[PDB]
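Working notes, beginning with the structure itself.
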Amino acid sequence: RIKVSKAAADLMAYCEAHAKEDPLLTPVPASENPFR
Amino acid sequence: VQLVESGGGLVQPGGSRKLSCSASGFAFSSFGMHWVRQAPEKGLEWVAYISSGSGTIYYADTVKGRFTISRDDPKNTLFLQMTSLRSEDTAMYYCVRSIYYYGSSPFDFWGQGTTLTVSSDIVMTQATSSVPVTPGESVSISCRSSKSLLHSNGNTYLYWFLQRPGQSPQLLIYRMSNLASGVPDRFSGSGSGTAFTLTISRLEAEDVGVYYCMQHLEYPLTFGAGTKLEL
Amino acid sequence: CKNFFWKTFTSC
Amino acid sequence: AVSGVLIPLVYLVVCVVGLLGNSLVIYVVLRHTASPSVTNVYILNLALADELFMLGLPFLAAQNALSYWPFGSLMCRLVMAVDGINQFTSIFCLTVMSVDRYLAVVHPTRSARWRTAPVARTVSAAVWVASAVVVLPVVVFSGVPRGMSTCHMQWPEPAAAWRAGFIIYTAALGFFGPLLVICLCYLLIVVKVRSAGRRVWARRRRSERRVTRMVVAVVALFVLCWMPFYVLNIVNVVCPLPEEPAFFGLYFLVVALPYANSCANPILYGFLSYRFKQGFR
Amino acid sequence: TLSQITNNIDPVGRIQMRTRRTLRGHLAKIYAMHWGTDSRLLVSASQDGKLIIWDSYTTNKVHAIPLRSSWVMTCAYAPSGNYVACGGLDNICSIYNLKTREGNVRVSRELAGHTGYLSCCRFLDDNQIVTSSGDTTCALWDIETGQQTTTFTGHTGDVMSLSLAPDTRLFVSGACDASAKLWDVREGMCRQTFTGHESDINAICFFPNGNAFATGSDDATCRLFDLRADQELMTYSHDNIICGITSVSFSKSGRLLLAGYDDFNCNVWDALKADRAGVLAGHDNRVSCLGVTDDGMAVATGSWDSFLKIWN
Amino acid sequence: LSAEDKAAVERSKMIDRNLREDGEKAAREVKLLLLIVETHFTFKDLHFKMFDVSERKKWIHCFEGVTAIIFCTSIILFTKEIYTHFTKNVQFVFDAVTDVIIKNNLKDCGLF
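Note that the protein sequences, when read in sequence, are chains E, F, S, D, C and B. FYI, the numbering for the first sequence is 27 to 62, going by the authors' numbering. FYI, the numbering for the second sequence is 40 to 158, 174 to 285, going by the authors' numbering. FYI, the numbering for the third sequence is 3 to 14, going by the authors' numbering. FYI, the numbering for the fourth sequence is 41 to 242, 247 to 325, going by the authors' numbering. FYI, the numbering for the fifth sequence is 29 to 340, going by the authors' numbering. FYI, the numbering for the sixth sequence is 5 to 39, 184 to 201, 206 to 224, 262 to 267, 316 to 323, 329 to 354, going by the authors' numbering.
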């Protein structure tokens with residue numbers, strides 16, 4: 027088992043890594059959204 | 040699945056005739072039906088169309104008024120009633136089925152035609183109709199449309215058919231990219247709007263015949279001239 | 003005079 | 041003194057009360073309701089008609105006080121048209137609501153048209169169009185022969201016969217059609233509910253408090269608030285009326301009563317309904 | 029702890045989204061839904077006995093499959109797209125072939141052997157499918173033969189949730205007893221077990237990386253557990269909302285955590301910091317199902333009002 | 005739209021018509037929750197589905217949509318109307339569910 031610190035750091039790194047291609051936090055232009 | 044037509048034969052000019060087709064082996068009422076004819080020396084020519092539920096009917100501009108199309112669902116029968124025949128209507132008539140939802144393949148199954156003898175529009179060109187072929191060789195067919203077949207929703211409607219000698223045509227590729235079930239994986243199709251091609255990896259046996267291209271974007275459906283391959 | 007015709011009047 | 045102050049006061053009071061009530065009902069229906077429905081469509085249509093009727097009231101309020109029409113001709117022709125349209129739209133809309141409730145309770149299994157929202161919306165549009173058609177003589181014959189007031193119908197040469205025909209037609213249709221339809225529909229609804237609740241249990249409460257009180261409320265309010273206007277007009281078209289300014293007081297009250305009914309409609313149709321009491325509190 | 033590290037992290041901000049679509053082809057409560065891997069076609073089970081395939085872009089009805097039993101609790105859509113599944117109080121799982129030659133939809137196989145009802149089911153392939161039951165166990169299946177291959181007993185109370193890993197090798201599921209256990213498909217042994225809740229676990233989901241999962245309980249709580257530290261890292265509770273949690277789902281990055289409640293709403297939580305940032309309120313009745321596409325484009329939400337909306 | 009999107013919309017409309025027909029067919033069905185053994189019986193142009201059934209969460213999770221609960262919603266005994322009775331029992335259930343359906347219709351139309 028690994029300490030909570032390393033697991034938390036890994037989770038933060040993962041969430042920040044993929045927080046640019048998530049079309050629910052960042053807005054989606056109406057010209058790209060398929061649900062106009 | 041079986042599609043077999045009856046009627047036909049010899050009829051004097053101006054005499055009405057009726058052709059019928061019987062269907063068995065599939066849900067008849069969930070398919071749209073077509074009529075297609077070809078002259079003894081020419082290619083296929085779309086005649087008329089009736090949708091599922093009989094809620095929509097279309098006709099060609101050369102047989103409008105004289106001909107009529109109707110279907111009987113409980114009896115699984117499709118009819119073509121024709122009147123005031125002329126020498127221009129001497130051809131063998133085929134019956135075709137099509138089903139339309141997201142991802143379906145229309146123009147799947149063709150019937151066996153019956154010969155009848157009598158005593174604006176998108177244009178395509180397939181002028182290339184004589185190419186020698188060798189076993190284990192690759193050839194590319196061509197087909198060009200007058201206008202762009204690509205639509206706003208991303209679908210480009212170009213269909214390919216192959217008619218082996220003495221048989222009815224079969225579907226090869228629908229919507230210019232998708233391969234039909236039961237077709238070997240050596241058939242490929244690609245090409246942007248108004249410029250399309252069909253590719254065959256290995257030209258083995260049973261790959262010889264006449265190839266046609268068709269468009270399904272405007273209800274009058276136009277076939278190509280055809281491309282014949284010979285040994 | 004048009005005493006009262008329809009929600010209106012003209013000096014009657 | 042008394043007549044020159046009270047009449048605009050009551051006119052504006054009923055106008056503001058009706059506007060407040062209808063705006064509140066429209067806001068609640070528009071925001072605090074999510075699921076698609078048809079009863080909400082009917083309530084919204086009725087509230088919109090009542091709101092437009094309230095918006096039409098102030099022009100009559102202003103004209104019936106100074107004995108003058110200080111607006112012009114274009115808006116004189118527009119206000120009468122919109123007022124008639126709103127009036128008949130309200131009447132026909134509540135008639136259609138009565139018929140829809142009758143279908144819902146007495147003839148279920150009509151989901152092809154009863155619950156199909158497009159059908160309800162088309163019915164609403166159809167009743168609005170029919171209302172606009174009914175008012176067409178008012179629009180066509182409206183005119184301003186003189187500057188001083190005269191924001192009335194420029195009648196043709198056979199003025200007497202034209203006036204009698206107009207009044208008889210409008211009264212007959214727009215009172216004795218809706219009244220009879222409403223009476224039959226709600227009578228059958230209450231009879232059905234009474235019999236059904238009586239055949240099972242020795247029950248009484250639901251037969252008594254709601255189907256009697258609400259139905260009697262709607263019918264009594266409609267008749268009480270639309271009878272004086274039409275009876276007064278019918279008497280006027282047949283018999284002469286006094287011309288002294290002292291008796292001019294009651295005419296304005298009679299004209300204002302239907303606007304009070306339009307004010308009162310939402311407070312029951314869209315507040316004395318379970319889907320709002322239980323759906324919001 | 030997680031809160032100490034996440035204190036310096038900037039917040040998300042208010043989350044606002046609207047019903048882009050409304051699909052109206054059901055007449056009873058909706059109990060389950062599932063997206064196709066293309067994230068355009070979606071399947072919906074309803075207590076009307078119907079199972080509708082939806083074209084999400086156009087609201088077109090692609091298929092309408094009738095069911096023998098109207099008491100259904102689960103859907104599933106094969107990753108290939110050729111098969112769907114469903115289960116419920118019939119204690120069996122029916123599989124349907126969507127691409128036949130006769131032009132219709134036929135039942136491919138019915139699976140029997142579970143003693144208690146079926147709570148969840150998710151295809152692994154065209155031939156493998158893992159199901160959960162009220163027998164306090166799970167199993168793996170072979171759809172070309174119809175016989176079980178494994179069994180994962182060990183829980184005490186009913187299993188009500190189920191969540192396949194992104195690789196579908198590991199497997200966690202929650203139970204009526206407030207504990208979640210990690211199962212191995214290829215070995216049939218409980219690798220890990222977790223505790224901390226106090227009520228039945230109604231929903232469970234997997235983090236986009238497979239190193240964690242979210243356990244939404246029936247006492248208005250959620251917790252983020254881990255497979256390496258083997259302990260909860262966060263809680264998600266608020267005194268205003270004290271009811272059940274009926275659904276749970278992450279987003280494409282795991283920074284956001286959807287949920288569903290009996291209070292006719294879907295509160296949009298946050299993962300790294302428990303502070304609640306968002307609310308969805310567009311349903312007459314409570315929300316049964318909640319799914320997020322594979323491309324993170326939309327969020328479908330069926331409910332007990334017989335409608336399901338698409339939110340973006 | 006193209007020629008194929010229109011055909012897909014036609015198919016969708018046909019599916020809608022068939023779904024409406026099936027829903028209208030099921031409008032004459034009643035689920036008499038009894039609180184597995186399932187008793188189906190018809191009476192006076194109306195069908196009844198009686199279900200005989206250990207946890208409170210199970211009952212709420214899958215049975216809150218029933219019409220009128222019968223114990224030997263509404264109560265039938267042998316908003317929350319309660320009716321009691323002891329060939330006549332079936333007619334009594336029929337009357338109770340008809341009352342429940344009428345009251346539910348009135349609630350739907352807002353007159354309640």
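We put the CB at the ideal spot given by N, CA and C, even for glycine.
For residue i and residue j, what's the separation of their Cα atoms in angstroms?
i	j	result
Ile265(B)	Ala338(B)	7 Å
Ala308(D)	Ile208(D)	27 Å
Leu257(F)	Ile89(F)	37 Å
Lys197(B)	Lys232(D)	26 Å
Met230(F)	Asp175(F)	20 Å
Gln224(F)	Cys218(C)	54 Å
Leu285(D)	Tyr295(D)	11 Å
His72(D)	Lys321(D)	12 Å
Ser31(E)	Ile270(C)	31 Å
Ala167(C)	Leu146(C)	11 Å
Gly217(B)	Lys57(C)	8 Å
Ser222(F)	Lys17(B)	33 Å
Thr263(C)	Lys301(C)	9 Å
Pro236(C)	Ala34(E)	15 Å
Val332(B)	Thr321(B)	12 Å
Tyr289(C)	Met258(D)	36 Å
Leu60(D)	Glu91(D)	9 Å
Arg141(D)	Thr223(C)	54 Å
For the beta strand (DSSP E) that residue i lies in, which residues bound it at each end?
i	result
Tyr289(C)	284 to 289
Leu51(C)	47 to 51
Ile83(D)	Segment 79 to 106 is the alpha helix (DSSP H) holding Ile83(D); no beta strand (DSSP E) there.
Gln220(C)	218 to 223
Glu84(F)	83 to 89
residue 28(C)	Coverage of chain C is limited to positions 29 through 340, which leaves residue 28(C) absent and any answer about it impossible.
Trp74(F)	71 to 77
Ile254(F)	250 to 254
Looking at the secondary structure, which residues open and close the alpha helix (DSSP H) in which residue i lies?
i	result
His62(C)	Careful: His62(C) lies outside any alpha helix (DSSP H), inside the beta strand (DSSP E) at 58 to 63.
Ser138(D)	114 to 146
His91(C)	From DSSP, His91(C) is part of no alpha helix (DSSP H) but of the beta strand (DSSP E) over 88 to 94.
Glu28(B)	7 to 29
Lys321(D)	318 to 324
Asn230(C)	Counting along the chain, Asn230(C) falls outside any alpha helix (DSSP H), though it belongs to the beta strand (DSSP E) covering 229 to 234.
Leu228(D)	218 to 238
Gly293(D)	292 to 313
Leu49(D)	43 to 71
In the DSSP output, which residue or residues are listed as bridge partners for residue i?
i	result
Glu44(F)	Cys60(F)
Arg134(C)	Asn125(C)
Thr107(F)	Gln120(F)
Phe7(S)	Beta-bridge pairing links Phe7(S) to no other residue.
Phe215(F)	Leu225(F), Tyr266(F)
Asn313(C)	According to DSSP, which records beta bridges pairwise, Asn313(C) is partnered with nothing at all.
Is any non-hydrogen atom of the ligand NAP found closer than 8 Å to the C-beta of residue i, if you look at the structure I gave you?
i	result
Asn295(C)	Among the components modelled here there is no ligand, and therefore nothing to report on the ligand NAP.
CB-CB under 7 Å to residue i, same chain, minus the five flanking residues each way: which ones, in chain order?
i	result
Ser199(F)	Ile176, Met178, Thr248, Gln269
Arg203(D)	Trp195, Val281
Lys192(B)	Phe336
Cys204(C)	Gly185, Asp186, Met188, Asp228
Leaving out five residues on either side along the sequence, give the residues of the same chain with a beta carbon under 6 Å from the beta carbon of residue i.
i	result
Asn22(B)	none
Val81(D)	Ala160
residue 244(D)	No coordinates exist for residue 244(D); the numbering of chain D passes from 242 to 247 with nothing in between.
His142(C)	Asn119, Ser161
Thinking residue i and residue j are a contact (beta carbons under 8 Å), I'd like their distance in whole angstroms, please.
i	j	result
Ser194(F)	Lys282(F)	At roughly 15 Å, the Cβ-Cβ gap does not stay under 8 Å, so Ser194(F) and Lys282(F) are not in contact.
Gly310(C)	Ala74(D)	5 Å
Once you ignore the five residues that flank residue i on each side, which residues in its own chain have a CB closer than 8 Å to its CB?
i	result
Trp211(C)	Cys166, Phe180, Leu198, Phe199, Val200, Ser201, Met217, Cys218, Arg219
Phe106(F)	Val86, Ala87, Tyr98, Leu119, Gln120, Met121, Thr122
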